[PDB]
Amino acid sequence: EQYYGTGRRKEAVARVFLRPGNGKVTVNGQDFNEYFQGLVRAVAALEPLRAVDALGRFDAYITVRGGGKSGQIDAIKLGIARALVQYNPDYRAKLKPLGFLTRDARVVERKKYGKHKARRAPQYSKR
Amino acid sequence: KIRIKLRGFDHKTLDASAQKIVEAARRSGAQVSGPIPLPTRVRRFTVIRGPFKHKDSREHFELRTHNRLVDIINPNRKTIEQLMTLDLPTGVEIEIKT
Amino acid sequence: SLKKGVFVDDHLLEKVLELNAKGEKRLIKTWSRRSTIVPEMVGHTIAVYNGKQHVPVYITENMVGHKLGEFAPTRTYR
Amino acid sequence: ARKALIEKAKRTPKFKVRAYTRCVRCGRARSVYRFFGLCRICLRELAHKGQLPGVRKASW
Amino acid sequence: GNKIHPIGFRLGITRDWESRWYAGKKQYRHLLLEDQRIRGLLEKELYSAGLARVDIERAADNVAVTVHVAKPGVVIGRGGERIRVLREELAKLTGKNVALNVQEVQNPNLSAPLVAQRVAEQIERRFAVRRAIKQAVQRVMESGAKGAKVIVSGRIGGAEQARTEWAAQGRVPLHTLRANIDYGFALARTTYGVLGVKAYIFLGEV
Amino acid sequence: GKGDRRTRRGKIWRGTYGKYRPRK
Amino acid sequence: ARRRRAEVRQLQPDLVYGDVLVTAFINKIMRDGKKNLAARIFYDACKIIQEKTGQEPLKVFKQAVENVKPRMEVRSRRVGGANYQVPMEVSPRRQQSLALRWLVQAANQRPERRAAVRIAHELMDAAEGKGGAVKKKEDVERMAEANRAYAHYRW
RNA sequence: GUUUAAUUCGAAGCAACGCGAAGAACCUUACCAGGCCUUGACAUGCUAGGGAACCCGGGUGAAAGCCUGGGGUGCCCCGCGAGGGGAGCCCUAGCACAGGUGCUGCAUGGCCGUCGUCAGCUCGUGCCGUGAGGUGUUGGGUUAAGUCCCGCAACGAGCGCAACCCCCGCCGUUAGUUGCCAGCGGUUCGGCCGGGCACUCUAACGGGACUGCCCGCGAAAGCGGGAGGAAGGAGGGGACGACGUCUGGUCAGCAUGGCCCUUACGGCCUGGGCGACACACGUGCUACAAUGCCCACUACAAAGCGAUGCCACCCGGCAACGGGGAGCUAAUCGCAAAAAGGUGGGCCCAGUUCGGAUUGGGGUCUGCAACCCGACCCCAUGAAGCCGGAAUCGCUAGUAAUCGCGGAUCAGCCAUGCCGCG
Ligand SMILES: [Mg+2]
Ligand SMILES: [Mg+2]
Ligand SMILES: [Mg+2]
Ligand SMILES: [Mg+2]
Ligand SMILES: [Mg+2]
């Protein structure tokens, strides 16, 4: 009666749950409209709809789990498309060529000994 | 019913043991939900390689502790015999809680 | 910061309370410092070491919360 | 002061006032761990050896 | 000077530890405490037989100690007035389940320390280094081995200088994991002083 | 001396555990 | 940076308008790793010329851009046995990147207490040809095309 | 460097200078001053007196040390008995002795750094040369690379690059004390419950990426691609550091030759010192502000840690904190509140509601004890600081900057430095 999506970027977790509704899109309660009040990338989290000309259509339950805020958004920009394909699989050639169906993994670098912020070596003094 | 975890710094000695315990009941009594892998706990120790001035060039060690869990759903009076009978394990410690 | 309770070293009272069975003298040669300047003792002079010698001072009413180790300077530069 | 200081770290004299540590084999003062009782030296020259259970060399 | 401890690089894989037991939180040192003197007790008492390894089996209360020596005919005693009295006289510091083993050795000259043990023993006596290793790194390879390497350094000839030495034939891929190479730690107190006798013995793969 | 013996300055150099911190 | 000629990063276009050029500028004003805090300035400025006049804040943006992209410029280069400077044209991509960083750094100089004020002005004042970003633009050409005589290297 | 009595020693361009220190209030401590001890603070062995062992105390003495006291009196060769002996342990005397952070890293072992993650170091056969030796490793091209290709009197290999190891990107299974109304039944409408294991998450083994295919280019390796695929040409980090130079660094982590010290160059205590300051440099910390600064309200972590410890919570406290005490020997309990973020009001350019150095007074908070030589907080005092010369530093991607969260030694103690996390 619905389709599920997974979305992990920058070690974030945001369970994505698509249903065929009309206009309910919230997150753990709160309200995605106003959970994310004051953003800029906010519209960018729902992109695979206006790019498929189908925003005024389905509905979405959302669960997030930890992770970074932008990483919480950028992961949502996946589980949408990382759903639907189960019984709505023709949603591909107007996505992957345009370039959405990818994790874009960019995990941080760990701090390393003998350095500072992982790659900034200390000041160097020949004198 | 009775509760046991399994703690070992090496999963190979732990998983096998965890696979070993299942033999003394799951093939002695009712089915048992398989091992329950806890998130592995680490004791992360990084030490300066050098013995003197060279403070950098350090090297890192870990004393990982792999924790796993097994719960029996029907404590069978005959299977428990098969437990203590298994006095051939490995260098791993386990506890029994109620 | 001397909280609920103040202090002063033991043999000090040995070396300073016998100075009052008759309100006694002033001469002394001891070895403590971290003690508290005793409001009940603003009437003597106390031998306080520095590093090589004991350098004392006449005690004065105002000296209370401060420590006996301040009147004996150590790093001879000033 | 090699064989003269560790002995002090036994009798426990003055109050909780001089309670410090001491590596076993290396007998070294600081850089000692309360887990192994070994200086950062007297640990490696057994860690790399292997007399230190589960103490592999990290990697991540 | 580089190349960190090959075994120290092995360790957590291939060759497993020279001991074996889990330990709890605050009982680790408490067990390690007397665990080390167990080894330290024998590395000059059990020596005249060629010691190369000593496991430690524990889990709780009972301790099983297994030794790996090549010449057991003297550590065992004329009938037990050694191996069975070494156990009893071992609890005196650690009242534990006194257990022992003695694993045989079919080919001594294939364990890295035993060479370095033999070399230092041979180095102590006024012997020809360069031509006590050449014989050695050959009889290693002779005993079915397939690679070796035995480096020593110190006061060769007692001269004021201190050049190391070489004696090797074949492949010793130290940097590879599956190689399985044992490593020898020796020591030689001498007339002039202290030496440094090492040894690598490649063995196989997979 | 930030974080040592007898002043008042600052403790992002001395720590605080065991110092005066709650134990039991 | 000697052998292979590297790869130009390709950027995420804007959401509001439909052009990479927009994002190409908002990330440029971004400081201290503060991203949303920058698009306000831009879009708060956008929502001024909408009220200033019937000039769309984008369909004008690009004109001062083409009023800040120069043509030919100099470059310091060592020859002979001392130090001189060499002129040339301008790489088109560089011409673009040169413009943006020219634009933003003109903000903080403008005497404006708030924020987006520092933005739109240097944009607008350069929409006809009387802006700071124009001065520093032509000055290079003033420092460049005055060196027409260096006709041997050039390449 | 300067000085004090001591300001212990080492470290010396790149390889020293938030380095040995991941523990300079006393001890740590190695330095100074004074007091005292000399078979000891330690180990093995012998002789003699008293005694077993071992607990407790006092006077004095700064402490140590010195003197003294009460008890108590074991295990083995005899003898019930008055009484002989012995092993261990302790104190007092003679010893053998040990002991020293004393010296030489230019006498060493081990360990470490640099070149340097540079890409080189070589062998077997053959060939050229009387021979040492050369070739192979050189030439063109390519790459991170002696990586690889063409050619080449050379052809192959070993050490090294890589790869086999670890963490992340994807997925499958196993397994469900975290999680879940994604479907239902009670809900103080909390995942609290019944309940379930797809999903979340966790940790074991595995498939997967090999220029595999296709459109072209350069013969060749290789290149512009493109599709599929999560990722495509090494996907991105870790650990791994060859032959060898630096007669490199370390007798101060340790062992050790040789010289020396042994009534002290050994040992214990109180105090003082490495924090001393006309100066100068190294590495960092806040800034010198409107993308800014305060106040109130409103969400998201990743990792790490802890029972004789972590501290919810209740009250008290105008605050660091105090009394009581839930839970947790640990995916449960907690440390723990994360900041930038969003809303809303103020401040409208000022030396400022920017910054907190100094300093007066006042506090709680750990331990025998907090002046030189602790925080946090209150009333303030509120300095220079308006972007910095010659120069010079790191950084090619989730990197740079910015914002915050842990760990490691510990009775307290050098933890804004270090190592990890987001
Ligand atoms: Mg391995
Ligand atoms: Mg992916
Ligand atoms: Mg050297
Ligand atoms: Mg601040
Ligand atoms: Mg407050």
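In chain D, numbers come from Swiss-Prot; the residues present are 2-61, in order.
Going by what the header records, the deposited coordinates were determined by X-ray crystallography, 3.2 Å.
Even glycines carry a Cβ here, placed using N, Cα and C.
Record features, source Swiss-Prot:
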| type | residues | note |
| --- | --- | --- |
| BINDING | D:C24, D:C27, D:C40, D:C43 | Zn(2+) binding site |
Residues satisfying Cβ distance under 8 Å from D:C43 (Zn(2+) binding site), sequence separation of at least 6: D:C24, D:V25, D:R26, D:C27, D:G28, D:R29
Binding-site residues close to ligand 1 - of D:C27, D:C40, D:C43, only those whose C-beta is under 6 Å away: none
C-beta crowding around D:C24 (Zn(2+) binding site), within 10 angstroms: 21
Residue, out of the binding-site residues D:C27, D:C40, whose Cβ gathers the largest set of other Cβ atoms within 10 Å: D:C40
8 Å Cβ shell about D:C24, D:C27, D:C40, D:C43 centroid, Zn(2+) site members excluded: D:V25, D:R26, D:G28, D:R29, D:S32, D:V33, D:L39, D:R41, D:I42, D:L44
